[PDB]
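Trainee: Please find one structure pasted underneath; my questions will follow.
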Amino acid sequence: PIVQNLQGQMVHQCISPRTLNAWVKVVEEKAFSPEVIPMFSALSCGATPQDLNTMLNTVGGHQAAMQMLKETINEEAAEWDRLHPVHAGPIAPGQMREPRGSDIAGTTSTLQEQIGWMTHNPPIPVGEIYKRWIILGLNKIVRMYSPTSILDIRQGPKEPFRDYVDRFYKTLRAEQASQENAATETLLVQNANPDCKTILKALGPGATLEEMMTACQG
Amino acid sequence: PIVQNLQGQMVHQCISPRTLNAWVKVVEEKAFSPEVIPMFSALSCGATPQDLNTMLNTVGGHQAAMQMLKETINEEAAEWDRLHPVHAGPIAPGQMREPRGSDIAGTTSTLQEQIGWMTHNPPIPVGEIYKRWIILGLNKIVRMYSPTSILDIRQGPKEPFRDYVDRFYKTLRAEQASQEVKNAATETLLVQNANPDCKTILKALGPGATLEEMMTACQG
Amino acid sequence: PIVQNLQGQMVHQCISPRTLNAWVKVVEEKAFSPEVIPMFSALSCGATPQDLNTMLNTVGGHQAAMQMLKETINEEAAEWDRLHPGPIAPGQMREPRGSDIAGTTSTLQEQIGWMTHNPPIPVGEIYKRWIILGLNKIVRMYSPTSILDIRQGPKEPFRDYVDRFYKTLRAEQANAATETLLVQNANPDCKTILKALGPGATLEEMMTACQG
Amino acid sequence: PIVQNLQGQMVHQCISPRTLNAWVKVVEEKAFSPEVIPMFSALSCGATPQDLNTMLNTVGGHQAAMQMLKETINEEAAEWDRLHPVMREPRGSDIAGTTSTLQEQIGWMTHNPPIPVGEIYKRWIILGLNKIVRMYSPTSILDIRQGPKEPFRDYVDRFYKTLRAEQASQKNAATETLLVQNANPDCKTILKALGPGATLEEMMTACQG
Amino acid sequence: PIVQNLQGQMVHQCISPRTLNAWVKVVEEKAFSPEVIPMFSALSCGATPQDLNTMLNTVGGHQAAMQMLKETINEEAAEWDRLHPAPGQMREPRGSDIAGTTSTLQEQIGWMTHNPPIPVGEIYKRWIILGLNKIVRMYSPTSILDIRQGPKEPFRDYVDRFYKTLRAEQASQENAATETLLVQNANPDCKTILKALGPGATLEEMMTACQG
Amino acid sequence: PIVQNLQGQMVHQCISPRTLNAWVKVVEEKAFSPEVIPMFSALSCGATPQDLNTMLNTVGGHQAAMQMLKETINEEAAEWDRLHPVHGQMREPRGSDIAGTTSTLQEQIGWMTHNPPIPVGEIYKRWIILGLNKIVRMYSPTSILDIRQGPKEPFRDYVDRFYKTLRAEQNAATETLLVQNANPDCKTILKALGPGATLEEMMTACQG
Ligand SMILES: COc1ccc(N(C)C(=O)[C@H](Cc2cc(F)cc(F)c2)NC(=O)Cc2c[nH]c3ccc(O)cc23)cc1
Ligand SMILES: COc1ccc(N(C)C(=O)[C@H](Cc2cc(F)cc(F)c2)NC(=O)Cc2c[nH]c3ccc(O)cc23)cc1
Ligand SMILES: COc1ccc(N(C)C(=O)[C@H](Cc2cc(F)cc(F)c2)NC(=O)Cc2c[nH]c3ccc(O)cc23)cc1
Ligand SMILES: COc1ccc(N(C)C(=O)[C@H](Cc2cc(F)cc(F)c2)NC(=O)Cc2c[nH]c3ccc(O)cc23)cc1
Ligand SMILES: COc1ccc(N(C)C(=O)[C@H](Cc2cc(F)cc(F)c2)NC(=O)Cc2c[nH]c3ccc(O)cc23)cc1
Ligand SMILES: COc1ccc(N(C)C(=O)[C@H](Cc2cc(F)cc(F)c2)NC(=O)Cc2c[nH]c3ccc(O)cc23)cc1
């Protein structure tokens, strides 16, 4: 990744064994649950395209998901090439060549070119552009991997209300891929059990979740 | 977070993998015991709003508490807008735009903007303001996960007095959001709910006894 | 804590997760054995009062001990307000009251300013003294046995008995009377060998003599 | 490694104990799975030829693979000698670290223009490790066939895991046709019903069952 | 400890939590096996007297050994005093100053970073290691004379127990007098081979001769 | 060890706890498998003689090997004294000075940072590695001549044991012994390949 040194300059630094083992562990233990995505975004803070490909290359299984992520990256690189064409000719002195999509994805660019773009003034943040594409692809994986539907989650008989809300917003997080509403508010009350659903309407309009869960505490 | 450079300048550092894993382990082991909050504040020392959002996003379960946490933050952000409205217009050179509630919460602000606010002269501590709101919502969550009232904490017939006082003040800590409270009534409620053997010894000590004297007396 | 920047400059730093987890693990495993106190002092090296309150606040259990700790802190702060009872000259800082040392009515900026002043006032070191004074009481409380009740078993090795004698003595005292008390409660066999060595014998001589 | 300092200068650091431990534990757990190669490349960031030999020397088992690795390195080194026939430029044995000192390696890596003997040697190592991953792959891609009761996702998992070990981590037309051709007769109908050029997300939403 | 700053000046640093935990673990898993002493010296590299007292204070059990160590420290501080009985003449440390019982950290650093320096931490560590050597010897269970090769014991396992026992009995200080005992206590089959090797054989040759 | 600060100067550093614990755990786990030696050389990067004695002194068991190591060190130090006899000239180290038995830390640093340096730390590490090589060869349970492919053993497993054994003890002679000690089935396939076959070719021809 690109970090700041003691001269106030941005310089390249090798990716650390801890960051690599942390990314491997969250994938082994949590597959593609929605919370994996912010963890990926945090562990790849300051990453170059080479680093992002490194982290993605340490995933041993889930190869169908990885191939989908590649097809998503290829569609974002094609759109980048449409909106930002590369002009022919020699590069102005002290400047970098224009990055095409395959440069941002680290397939046709060198590490030194990635450093050049990311530390230029102004910087062309090819690590952040590529990471947006990867998170777009991973969000589509989180939805495809989600088992139950938000419509399916209905409260049990003797199940406490807080456990039903737990399963509710967890499934909702996988359905929207951690994207954040009276639509989901009315689904919560509708799919409850008859005992609490009666008191929920009696609370009034636009009650807070705190108020709802105090009303169905017992 | 934003840390002191060896030069002495406030500069942005990435959130460390050790910090991320520490917060994940605290939530999975301690759930929402009261001591989780000072651990959250200590692990998020110097955090930007983006870091705070990152720590909350690593929480896998407790999604009910997380939705309730969002609702507390929205109510604090709406209150920040009422007190500090944004003066419309262009921003003077070398200045930052006035932050609104969603900027402090990190939903309509960028990382570069949060860095500018926190390292400005004088600083606008959008990271500290956001953490104050998060702790307010976490206070509610600690009370919700601690259902047992302090009135229902009663020493068992053969329970050691020290274990009874432990359950008493840990229950009192969740109810009172870890706020320091000197109050005679709770100190007499402690003696009121001791078992008959230690209650006899405590009354034979006289009123206004310190906690150390009380625990020494019921050491048997 | 307040640490050493390479420019000889005193800078504030966040408590690391390693220190936080270390102090938590020490209390969970060792409770309040006497060795917890020097571990707290060493883990709080260079601490502002806010840092000390943070370490105390991460303790999950032992809330009876923590309430006792507060009662000692309040009684020590009440004595500081006696011995060191408003305008503030430019460049300088206010004078600290007991609640300022404990970090209840003071900020991190006021604390850092006190501990980096040209005439320094170590509010963290004064606070740490108050905390250790309270941790000592908690260690005496948690010691299950008095030093008088430590007696060598009939078949217990002299080494194992002296281990319990001095571990108890450490918690109680958180000397000739201890030496006479040590030989007086050895089992009868070891006892007369101790009387046979004469007085003024080192512990190394005593333990190698009781080896049989 | 030859890494950036803090005053903007390239200096030589000792290999970190945490790095050596991470490499040893990766080999013990993953053996020679395809993901071992990018892991080796990330942990050898900036390494000199001496550092690379150190990493390979910490491998305890797999001494058959380590000997094939040596034979790949010898082939690359001999080809380097032929392509660079006789500032003294490094020979193949110099790049491999058998005839060069640590000072000569640093002097090559930090010259201007540099001769990156660490990156060259790492290229030969990765080429040798790729032949080992390919050799130790259990199954050919042509024998991956969807089970009658196997969910389509699990079949695509095995297909690309096998293809990664076969092609040694290198959308091809022969693979897109092979994936449809070896699916069970039920999903193979639904796939050809979508038409040509369907995305994998479309093919897995259809045969989601 | 006292460490080097990039400014070239010797600065004081807080003892790290990883160093503290490493020392607590060593004492808990090895007790007073001989190799604990070199691990203690390495973990206390650069230590001040205050740091050395911290490491000793984190030892949980073994309080009989800790009291023995104090008695060794007092004796060395007394001998130091007997061996050490102008405008700007620096006050030199007493035995209690080196041990840290009567000196502040500021005074300790003053001696350690003076020109010329007085390494009170290295002097104190010298006394501690002496007392630790005494504890290692006393804690050694078996005498070197009772180390005998079993009838079906491999020669290498016997030599392992022999030299490990010898290390505790000598506290890791430095002989054909040991080679004689090694040969004499080998079982009859390996002893016949060792005699046939003639005198002056290396250990390497002895273990290769007794492998079958 | 001796590492450089941010002034281009070589400075002394306390050996770290993480390095010490790593070397202790290496000896506990792997004993004296051949890879212990390059692991030692890597963990003692830049070490002084005092730091090398520290690493060896923290080994708990294997005292038979540790005494063998002392006898190897004594032989190398005596040979150094033979090859450097006594005759603003700097005093040069003796064998006991390189081993750290008669030299202080300040003298070891003075040698290692002098211009030009006398690297007593690297010279000592050379002697120690020579001694560890004898130990690894000693601990080697089986001769290379006794590694034979079982009648049901996969050829890859036989080659794994063969080269792991050859590594502990230490080429056309080895390629002969590898083919000679294979079971009669794979030995027929190997001899039918002809000369010049790589190990990759041999393992492919006998993978069945
Ligand atoms: C309302 O104020 C906001 C609103 C958005 C944010 N941002 C920018 C975030 O990234 C927040 C941070 C966050 C996480 C938390 F667990 C609890 C909080 F209080 C805040 N994360 C999510 O939205 C992702 C998420 C978590 N669980 C879900 C359930 C269903 C779903 O569809 C999405 C989610 C901050 C403040
Ligand atoms: C009277 O002296 C004070 C008073 C307040 C403080 N401040 C500023 C704190 O943050 C202290 C730090 C602290 C923690 C500790 F566990 C033991 C100590 F001795 C000090 N935190 C708590 O009090 C929070 C707390 C813990 N358990 C409780 C049970 C019931 C309850 O209602 C609250 C709590 C310092 C000194
Ligand atoms: C005599 O020389 C001295 C005397 C005092 C010190 N100081 C300044 C200390 O802090 C020492 C450091 C220390 C600890 C150790 F376990 C072994 C050592 F050898 C030294 N700690 C204790 O006294 C605390 C202690 C431990 N066990 C006890 C049993 C009974 C008791 O009442 C107290 C204790 C240094 C040198
Ligand atoms: C031919 O190209 C070379 C040749 C030598 C080197 N040097 C300078 C090394 O230090 C190499 C590094 C190495 C290790 C590896 F496991 C695989 C590689 F490909 C390279 N180590 C060994 O030779 C030690 C060794 C490991 N197993 C053995 C089995 C039998 C034996 O007798 C010795 C060994 C580099 C390149
Ligand atoms: C199409 O966009 C690209 C294309 C190539 C890259 N580069 C430069 C890489 O190194 C990528 C990084 C990567 C990994 C990932 F698992 C998922 C992603 F989306 C990206 N690795 C692989 O290609 C190796 C690989 C993994 N599984 C396979 C299955 C079969 C196979 O034959 C090869 C592979 C980046 C972007
Ligand atoms: C002969 O060359 C020397 C001689 C002395 C040294 N010095 C200065 C040491 O500190 C050495 C370092 C050392 C340790 C090692 F395990 C193996 C080595 F080769 C060297 N330590 C010991 O002697 C302590 C020791 C370990 N096991 C023992 C068994 C019986 C016994 O009575 C003592 C010991 C270096 C080189």
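By convention in this document, the chains of the structure tokens carry letters A, B, ... by their order, each chain's residues are numbered from 1, and ligands are numbered from 1 in the order they are shown.
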For residue 46 of chain B, list every protein, DNA or RNA residue within 8 Å, evaluated using only C-alpha atoms, and leave out those in the same chain fewer than 4 positions away; present the list as JSON, numbers by chain.

Mentor: {"B": [1, 2, 3, 127, 128], "C": [14]}

Trainee: Those same residues - N, CA and C atoms - I'd like them written as an mmCIF file, in the first residue's frame.

Mentor:
data_model
loop_
_atom_site.group_PDB
_atom_site.id
_atom_site.type_symbol
_atom_site.label_atom_id
_atom_site.label_comp_id
_atom_site.auth_asym_id
_atom_site.auth_seq_id
_atom_site.Cartn_x
_atom_site.Cartn_y
_atom_site.Cartn_z
ATOM 1 N N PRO B 1 -7.313 6.290 11.809
ATOM 2 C CA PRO B 1 -7.355 7.409 12.759
ATOM 3 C C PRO B 1 -6.396 8.535 12.383
ATOM 4 N N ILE B 2 -6.412 9.618 13.154
ATOM 5 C CA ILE B 2 -5.518 10.752 12.950
ATOM 6 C C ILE B 2 -4.541 10.790 14.116
ATOM 7 N N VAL B 3 -3.258 10.593 13.817
ATOM 8 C CA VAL B 3 -2.233 10.426 14.837
ATOM 9 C C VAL B 3 -1.152 11.483 14.657
ATOM 10 N N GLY B 127 -14.856 13.548 14.548
ATOM 11 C CA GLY B 127 -14.685 12.194 15.045
ATOM 12 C C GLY B 127 -15.106 12.053 16.495
ATOM 13 N N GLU B 128 -14.808 13.064 17.316
ATOM 14 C CA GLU B 128 -15.192 13.013 18.724
ATOM 15 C C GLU B 128 -16.683 13.266 18.905
ATOM 16 N N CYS C 14 -2.372 7.424 21.981
ATOM 17 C CA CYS C 14 -3.474 6.558 22.368
ATOM 18 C C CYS C 14 -2.944 5.296 23.038
#

Trainee: Provide as a PyMOL selection string the residues of chain E at most 10 Å from chain F, counting only C-alpha atoms.

Mentor: chain E and resi 3-8+16+18-23+26+30+33-46+155-167+172+202-205+207-208+211

Trainee: Do you have, as CSV, the list of residues of chain F lying at most 6 Å from ligand 4, each with its nearest atom pair and that distance in Å to one decimal, counting only C-alpha atoms and all ligand atoms and ordered by chain then number?

Mentor:
residue,atom,partner,partner_atom_place_in_ligand_line,distance
F:163,CA,ligand 4,29 (C),5.2
F:164,CA,ligand 4,29 (C),6.0
F:166,CA,ligand 4,30 (C),5.1
F:167,CA,ligand 4,30 (C),3.6
F:170,CA,ligand 4,32 (O),4.9

Trainee: Selection from above, N, CA and C atoms, as a PDB file, in the first residue's frame, can you write it?

Mentor:
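Produced file result-v4.pdb, reproduced below:
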ATOM      1  N   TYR F 163      14.995 -37.162  -0.603  1.00  0.00           N
ATOM      2  CA  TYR F 163      15.686 -35.876  -0.618  1.00  0.00           C
ATOM      3  C   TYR F 163      15.701 -35.204   0.750  1.00  0.00           C
ATOM      4  N   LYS F 164      14.675 -35.427   1.576  1.00  0.00           N
ATOM      5  CA  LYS F 164      14.739 -34.961   2.958  1.00  0.00           C
ATOM      6  C   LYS F 164      15.885 -35.630   3.708  1.00  0.00           C
ATOM      7  N   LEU F 166      18.687 -36.926   2.184  1.00  0.00           N
ATOM      8  CA  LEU F 166      19.912 -36.399   1.595  1.00  0.00           C
ATOM      9  C   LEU F 166      20.227 -35.005   2.119  1.00  0.00           C
ATOM     10  N   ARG F 167      19.199 -34.217   2.440  1.00  0.00           N
ATOM     11  CA  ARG F 167      19.446 -32.875   2.956  1.00  0.00           C
ATOM     12  C   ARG F 167      20.087 -32.926   4.337  1.00  0.00           C
ATOM     13  N   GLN F 170      23.781 -33.851   3.952  1.00  0.00           N
ATOM     14  CA  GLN F 170      24.621 -32.916   3.211  1.00  0.00           C
ATOM     15  C   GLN F 170      24.178 -31.474   3.438  1.00  0.00           C
TER      16      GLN F 170
END

Trainee: Quick check, in Å to one decimal: how far apart do atom CA of residue 115 of chain B and atom CA of residue 14 of chain B lie?

Mentor: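 Between atom CA of residue 115 of chain B and atom CA of residue 14 of chain B the gap works out to 12.3 Å.
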
Trainee: So which residues touch segment 126-132 of chain C within 7 Å, counting only C-alpha atoms, skipping near sequence neighbours fewer than 2 positions away, as a PDB file with N, CA and C atoms, in the first residue's frame?

Mentor:
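Final output, saved to result_13.pdb:
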ATOM      1  N   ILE C  37      -0.685  -5.601  41.129  1.00  0.00           N
ATOM      2  CA  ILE C  37      -0.382  -4.181  41.327  1.00  0.00           C
ATOM      3  C   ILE C  37       0.843  -3.730  40.541  1.00  0.00           C
ATOM      4  N   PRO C  49      -4.458  10.953  33.840  1.00  0.00           N
ATOM      5  CA  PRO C  49      -5.624  10.439  34.577  1.00  0.00           C
ATOM      6  C   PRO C  49      -6.695   9.820  33.688  1.00  0.00           C
ATOM      7  N   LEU C  69     -12.234   0.848  45.496  1.00  0.00           N
ATOM      8  CA  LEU C  69     -11.209   1.700  44.912  1.00  0.00           C
ATOM      9  C   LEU C  69     -11.685   3.147  44.831  1.00  0.00           C
ATOM     10  N   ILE C  73     -10.149   6.539  46.499  1.00  0.00           N
ATOM     11  CA  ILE C  73      -9.811   7.676  45.646  1.00  0.00           C
ATOM     12  C   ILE C  73     -10.470   8.950  46.161  1.00  0.00           C
ATOM     13  N   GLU C  76      -8.663  10.131  49.358  1.00  0.00           N
ATOM     14  CA  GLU C  76      -7.353  10.714  49.086  1.00  0.00           C
ATOM     15  C   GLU C  76      -7.491  12.070  48.409  1.00  0.00           C
ATOM     16  N   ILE C 101      -7.322  15.827  39.563  1.00  0.00           N
ATOM     17  CA  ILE C 101      -6.332  14.757  39.511  1.00  0.00           C
ATOM     18  C   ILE C 101      -6.992  13.435  39.136  1.00  0.00           C
ATOM     19  N   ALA C 102      -8.172  13.158  39.694  1.00  0.00           N
ATOM     20  CA  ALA C 102      -8.881  11.921  39.388  1.00  0.00           C
ATOM     21  C   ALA C 102      -9.493  11.911  37.993  1.00  0.00           C
ATOM     22  N   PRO C 122       2.752  16.255  37.827  1.00  0.00           N
ATOM     23  CA  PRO C 122       2.368  14.921  37.313  1.00  0.00           C
ATOM     24  C   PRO C 122       1.060  14.427  37.926  1.00  0.00           C
ATOM     25  N   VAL C 123      -0.050  14.920  37.370  1.00  0.00           N
ATOM     26  CA  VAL C 123      -1.365  14.533  37.871  1.00  0.00           C
ATOM     27  C   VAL C 123      -1.605  13.048  37.649  1.00  0.00           C
ATOM     28  N   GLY C 124      -0.997  12.475  36.610  1.00  0.00           N
ATOM     29  CA  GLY C 124      -1.113  11.042  36.403  1.00  0.00           C
ATOM     30  C   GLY C 124      -0.377  10.242  37.460  1.00  0.00           C
ATOM     31  N   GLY C 134      -5.355   2.177  46.914  1.00  0.00           N
ATOM     32  CA  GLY C 134      -6.596   1.424  46.969  1.00  0.00           C
ATOM     33  C   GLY C 134      -6.456  -0.018  46.534  1.00  0.00           C
ATOM     34  N   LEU C 135      -5.573  -0.289  45.565  1.00  0.00           N
ATOM     35  CA  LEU C 135      -5.319  -1.668  45.157  1.00  0.00           C
ATOM     36  C   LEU C 135      -4.644  -2.462  46.268  1.00  0.00           C
ATOM     37  N   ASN C 136      -3.814  -1.807  47.084  1.00  0.00           N
ATOM     38  CA  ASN C 136      -3.205  -2.491  48.220  1.00  0.00           C
ATOM     39  C   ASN C 136      -4.271  -2.983  49.191  1.00  0.00           C
TER      40      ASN C 136
END

Trainee: Residues within 8 Å of segment 116-121 of chain A, please, as a PyMOL selection string. Count only C-alpha atoms; anything in the same chain fewer than 5 positions from it doesn't count.

Mentor: chain A and resi 2+10-11+96+126-127

Trainee: Taking 3 positions as the minimum chain separation for residues in the same chain, which residues sit within 8 Å of segment 62-69 of chain A when counting only C-alpha atoms? Answer as an mmCIF file with C-alpha atoms, in the first residue's frame.

Mentor:
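The resulting file, selection-v9.cif, is shown below:
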data_model
loop_
_atom_site.group_PDB
_atom_site.id
_atom_site.type_symbol
_atom_site.label_atom_id
_atom_site.label_comp_id
_atom_site.auth_asym_id
_atom_site.auth_seq_id
_atom_site.Cartn_x
_atom_site.Cartn_y
_atom_site.Cartn_z
ATOM 1 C CA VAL A 59 -9.044 -16.747 -1.534
ATOM 2 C CA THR A 72 -18.052 -7.459 -12.898
ATOM 3 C CA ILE A 73 -14.590 -5.859 -12.978
ATOM 4 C CA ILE A 134 -14.407 -4.822 -6.476
ATOM 5 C CA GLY A 137 -18.824 -7.099 -7.505
ATOM 6 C CA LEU A 138 -18.673 -8.337 -3.917
ATOM 7 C CA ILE A 141 -21.967 -11.905 -4.401
ATOM 8 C CA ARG D 153 -22.965 -23.271 -7.812
ATOM 9 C CA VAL D 156 -18.921 -24.039 -10.907
ATOM 10 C CA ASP D 157 -16.844 -23.950 -7.704
ATOM 11 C CA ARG D 158 -15.083 -27.216 -8.548
ATOM 12 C CA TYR D 160 -12.799 -23.008 -11.615
ATOM 13 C CA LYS D 161 -10.814 -24.357 -8.662
ATOM 14 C CA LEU D 200 -22.022 -16.283 -15.061
ATOM 15 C CA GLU D 201 -24.452 -14.397 -12.814
#

Trainee: Which of these residues is nearest to ligand 5, using only C-alpha atoms and all ligand atoms: D:36, D:132, D:73, D:207?

Mentor: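 Smallest separation from ligand 5 among the options: D:36.
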
Trainee: Check which residues fall inside 7 Å of ligand 1 when counting only C-alpha atoms and all ligand atoms, and print them as a CSV table (one decimal) with N, CA and C atoms, in the first residue's frame.

Mentor:
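So part37.csv came out as:
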chain,number,residue,atom,x,y,z
A,169,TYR,N,-33.1,-7.8,10.5
A,169,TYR,CA,-32.2,-6.9,9.9
A,169,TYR,C,-30.9,-7.5,9.5
A,170,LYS,N,-30.6,-8.7,10.0
A,170,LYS,CA,-29.4,-9.5,9.4
A,170,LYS,C,-29.7,-9.9,8.0
A,172,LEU,N,-32.0,-8.6,6.1
A,172,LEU,CA,-32.1,-7.4,5.3
A,172,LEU,C,-30.8,-6.9,4.9
A,173,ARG,N,-29.8,-7.0,5.7
A,173,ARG,CA,-28.4,-6.6,5.4
A,173,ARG,C,-27.9,-7.4,4.2
A,176,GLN,N,-29.9,-6.3,0.8
A,176,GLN,CA,-29.5,-5.0,0.2
A,176,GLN,C,-27.9,-4.9,0.1
A,177,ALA,N,-27.2,-5.9,0.6
A,177,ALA,CA,-25.7,-5.9,0.6
A,177,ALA,C,-25.2,-4.7,1.4
A,178,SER,N,-25.7,-4.5,2.7
A,178,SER,CA,-25.4,-3.5,3.6
A,178,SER,C,-25.7,-2.1,3.1
A,179,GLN,N,-26.9,-1.9,2.4
A,179,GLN,CA,-27.3,-0.7,1.9
A,179,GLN,C,-28.5,-0.2,2.7
A,180,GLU,N,-28.4,1.1,3.2
A,180,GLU,CA,-29.4,1.7,4.0
A,180,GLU,C,-29.9,3.0,3.3
B,53,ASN,N,-17.6,4.2,11.6
B,53,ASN,CA,-18.5,3.4,10.8
B,53,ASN,C,-17.9,2.0,10.5
B,54,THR,N,-16.6,1.9,10.3
B,54,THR,CA,-16.0,0.6,10.0
B,54,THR,C,-16.1,-0.3,11.2
B,56,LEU,N,-18.3,-0.3,13.7
B,56,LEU,CA,-19.7,-0.8,13.8
B,56,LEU,C,-20.1,-1.8,12.7
B,57,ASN,N,-19.5,-1.6,11.5
B,57,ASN,CA,-19.8,-2.5,10.4
B,57,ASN,C,-19.3,-3.9,10.6
B,59,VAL,N,-19.5,-5.6,13.3
B,59,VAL,CA,-20.4,-6.4,14.1
B,59,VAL,C,-21.3,-7.2,13.2
B,63,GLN,N,-28.1,-7.3,15.3
B,63,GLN,CA,-28.6,-6.3,14.3
B,63,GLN,C,-29.7,-5.5,14.9
B,66,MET,N,-28.1,-2.8,16.5
B,66,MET,CA,-27.4,-1.9,15.6
B,66,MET,C,-28.5,-1.0,14.9
B,67,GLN,N,-29.7,-1.5,14.6
B,67,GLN,CA,-30.7,-0.7,14.1
B,67,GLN,C,-31.1,0.4,15.1
B,69,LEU,N,-29.2,1.6,17.3
B,69,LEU,CA,-28.1,2.5,17.3
B,69,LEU,C,-28.1,3.5,16.2
B,70,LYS,N,-28.6,3.1,15.0
B,70,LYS,CA,-28.8,4.1,14.0
B,70,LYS,C,-29.8,5.1,14.3
B,71,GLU,N,-30.9,4.7,15.0
B,71,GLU,CA,-32.0,5.6,15.3
B,71,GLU,C,-31.5,6.7,16.3
B,73,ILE,N,-28.5,7.8,16.5
B,73,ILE,CA,-27.5,8.7,15.8
B,73,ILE,C,-28.3,9.7,14.9
B,74,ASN,N,-29.4,9.2,14.3
B,74,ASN,CA,-30.2,10.1,13.5
B,74,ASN,C,-30.8,11.2,14.4
B,105,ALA,N,-21.8,12.0,11.0
B,105,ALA,CA,-22.1,10.6,11.0
B,105,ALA,C,-21.3,9.9,9.8
B,106,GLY,N,-20.7,10.6,8.9
B,106,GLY,CA,-20.0,10.0,7.8
B,106,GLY,C,-20.8,9.5,6.7
B,107,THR,N,-22.0,9.9,6.5
B,107,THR,CA,-22.9,9.4,5.4
B,107,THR,C,-22.9,10.3,4.2

Trainee: All residues within 10 Å of ligand 3 are required, counting only C-alpha atoms and all ligand atoms; please report them as a PyMOL selection string.

Mentor: (chain C and resi 34-35+38+163+165-175+178) or (chain E and resi 49-77+95-103+124+127-128+131-132)

Trainee: Suppose you want the space between atom CA of residue 50 of chain C and atom CA of residue 103 of chain C; what is it in Å?

Mentor: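 Separating atom CA of residue 50 of chain C from atom CA of residue 103 of chain C is a distance of 6.0 Å.
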
Trainee: Dump as a PyMOL selection string the residues of chain B that approach chain C to within 7 Å, counting only C-alpha atoms.

Mentor: chain B and resi 6+19+35+38-39+42-43+45+162+165-166+169-170+211-212

Trainee: Next, dump the selected residues to file, keeping only N, CA and C atoms, as a compact mmCIF listing (two decimals), in the first residue's frame.

Mentor:
# COMPACT_ATOMS: atom_id res chain seq x y z
N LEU B 6 5.91 11.98 13.69
CA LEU B 6 7.16 12.24 14.39
C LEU B 6 7.58 13.69 14.22
N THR B 19 -6.40 -3.60 15.76
CA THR B 19 -7.53 -2.87 16.34
C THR B 19 -8.86 -3.44 15.86
N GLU B 35 -18.64 -2.79 30.39
CA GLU B 35 -17.24 -2.48 30.11
C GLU B 35 -16.91 -2.51 28.62
N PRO B 38 -16.24 1.58 27.35
CA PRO B 38 -14.89 2.16 27.47
C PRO B 38 -13.86 1.43 26.63
N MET B 39 -14.11 0.16 26.29
CA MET B 39 -13.22 -0.54 25.37
C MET B 39 -13.42 -0.06 23.94
N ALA B 42 -11.74 3.41 23.71
CA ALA B 42 -10.29 3.32 23.75
C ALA B 42 -9.72 2.77 22.44
N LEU B 43 -10.40 1.79 21.83
CA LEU B 43 -9.91 1.25 20.56
C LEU B 43 -10.11 2.24 19.42
N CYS B 45 -9.66 5.53 19.56
CA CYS B 45 -9.01 6.79 19.90
C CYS B 45 -8.47 7.46 18.64
N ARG B 162 -18.90 -10.98 48.94
CA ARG B 162 -18.18 -10.34 47.85
C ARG B 162 -18.79 -10.67 46.49
N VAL B 165 -21.94 -8.48 46.24
CA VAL B 165 -21.62 -7.10 45.90
C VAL B 165 -21.15 -6.99 44.45
N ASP B 166 -20.45 -8.00 43.93
CA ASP B 166 -20.05 -7.97 42.53
C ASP B 166 -21.25 -7.90 41.60
N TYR B 169 -23.07 -4.23 41.93
CA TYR B 169 -22.51 -3.06 41.26
C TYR B 169 -22.34 -3.26 39.76
N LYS B 170 -22.20 -4.50 39.29
CA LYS B 170 -22.20 -4.72 37.85
C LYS B 170 -23.58 -4.46 37.27
N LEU B 211 -17.67 0.55 52.44
CA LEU B 211 -17.82 -0.76 51.80
C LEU B 211 -16.73 -1.72 52.27
N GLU B 212 -15.51 -1.22 52.46
CA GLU B 212 -14.42 -2.07 52.94
C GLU B 212 -14.75 -2.67 54.30
